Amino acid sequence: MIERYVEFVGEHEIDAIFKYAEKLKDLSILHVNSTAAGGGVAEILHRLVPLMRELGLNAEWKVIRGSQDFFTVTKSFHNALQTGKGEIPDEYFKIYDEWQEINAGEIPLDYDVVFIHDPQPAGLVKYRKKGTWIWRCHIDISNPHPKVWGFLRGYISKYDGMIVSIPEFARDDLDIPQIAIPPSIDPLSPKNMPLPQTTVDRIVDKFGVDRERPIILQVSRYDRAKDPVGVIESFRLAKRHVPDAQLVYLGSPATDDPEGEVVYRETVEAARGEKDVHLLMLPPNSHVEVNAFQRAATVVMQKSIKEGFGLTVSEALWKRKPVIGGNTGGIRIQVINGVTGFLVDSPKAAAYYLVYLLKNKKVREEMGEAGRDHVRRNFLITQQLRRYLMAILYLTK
């Protein structure tokens, strides 16, 4: 399995992974998250944990269960931490704590290393036994809702360490080690592997999208932080100068997002009037369909208001597509302004750069190549895996 990555990263990184893994062969490692299918965390763990096993680590991945009430609370925490907005009643904290207790009763926590992914299972640390506990934060916690952060910091401050996606998310109100590890893409997954043109054509055709006209694509949940409405507004402004252009918004449900269905309707509303707008909702693990659309796209957008990293940016850059990205969080380490695409602060700036890229085929192609090179150097699964092993070795001494 690992030997296959030599092509992309060279012998020296593969040697490094083997020597780190050799030191860790005797350790039991648990990963805990809140979703089995959908979202970036499940995307990482579905590839990362099997690779840990290939290297001879005793790695397990557990998904917590919860009610709709629990996932309503966790999503409100998610939005509050990233945006600093909203009212959070004390009832939310009681619901949160009860589901930590329920899950703790059904998870064996006495692993050498426990990785807790994102806020949903952070409270499990109350029931810790032996071993090293690491909190893996996938979101923007630079400017959080003080009530939600106050509550969660009570748990995080009990961890042995913390991983954030970029240094800028490191907290000055935590004294535990805060390690920056960017997420990555697995070039060998069905999400990112080469596709034959016949498959790309067939999937784009199936969804009624014109393969002969430009495609502007955003792959994202119907979530306010992804700004599907602002993407529609970007498209409307740009279509004035590229009237043949089409917009594809490709969304899909996650287990732990109970408002994915609500935001659709204000997207559909904002879309009514335009017929080259395609609002797709695909089942979980529609890997090949996302792959195909990313390969069909002329330009890809990830115009997030808030973003921990945004795997969809690296997925597009790897397939040699330039990205127009929201000027926020981990998008800024993937989109090198004027090299791998453009960082934008408004739909107006998004539209400006959409028209520029649609009118400049040679620039698109060169930015595409620079994107793939930037992902190759920085955001492949081998790099993320090596930093995980390094983090474990450090934090277990």
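Throughout, rigid core stands for the largest set of C-alpha atoms superposing within 1.5 Å between the two forms. Throughout, we count residues from 1 along the sequence that is shown.
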I'd like to know which segment deviates more from the shown structure in 4 other deposited structures of this protein: 160-168 or 270-278, using C-alpha RMS over all structures and residues after a core fit. 270-278
What stretch shows more C-alpha movement in 4 other deposited structures of this protein relative to this form, 85-93 or 261-269, after the core is superposed? 261-269
Compared with other deposited entries of this protein, is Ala254 missing coordinates in at least a third of those that cover its neighbours? yes
Can you let me know which of the two, 236-244 or 304-312, has the higher average C-alpha B-factor in the entry? 236-244
The stretch carrying the higher mean Cα B factor in the deposited entry, 4-12 or 387-395, is 4-12
Among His117, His78, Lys206, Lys319, which carries the highest Cα B-factor? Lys206
Could you tell me which one of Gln100, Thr255, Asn192, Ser184 shows the highest CA temperature factor in the PDB record? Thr255
Assert third(CA B-factor, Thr328) within chain per record equals lowest
Sorting by Cα B-factor within the chain, modelled residues only, which third would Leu354 end up in: lowest, middle or highest? lowest
For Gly123, the third of its chain by CA B-factor is the lowest
Of the three thirds of the chain ranked by Cα temperature factor, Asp175 occupies the highest
Lowest, middle or highest third: where is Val299 by C-alpha B factor in its chain? lowest
